[PDB]
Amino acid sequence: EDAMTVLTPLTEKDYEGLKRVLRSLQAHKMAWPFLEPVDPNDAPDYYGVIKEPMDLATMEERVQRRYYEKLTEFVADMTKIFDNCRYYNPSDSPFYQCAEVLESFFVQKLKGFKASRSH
């Protein structure tokens, strides 16, 4: 990551942009597996094998409460969503495919956000 992403404290203005990014992901058709925490009754051994679960509702709470100090930390939580999903699910699963699609969408939005921050 670039130095602004790593070092620049997130401001209130930055948080408006973070909320916009999160809302765009929540609204995406392929976000359905990531909207809320993984249900243990749907996913055998999940919480036994996934050390740091994450989901979009948890990130929404963190954005509201100003949890993140640096953009890198917001990106790290988001990246957990996708990495956890690819870790636990087979590559031919619809879940895995959702992670591939939504991650690409997130990267597009994130670049947009970083650009906007820079001007």
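C-alpha atoms forming the largest set that superposes within 1.5 Å between two forms make up the rigid core. From 1 onward, residues are counted along the sequence shown.
Of the two stretches examined, 44-52 and 26-34, the one with higher mean CA deviation in 6 other deposited structures of this protein after a rigid core fit is 44-52.
Taking 35-43 and 57-65 in turn, the stretch whose Cα atoms are more displaced from the shown form in 6 other deposited structures of this protein following rigid core superposition is 35-43. Per the PDB record, of the two stretches 59-67 and 35-43, 35-43 carries the greater mean B-factor over its C-alpha atoms. Here the stretch with the larger average CA B-factor, out of 44-52 and 74-82, is 44-52. Sort the chain's modelled residues by C-alpha temperature factor and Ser91 lands in the highest third, per the entry.
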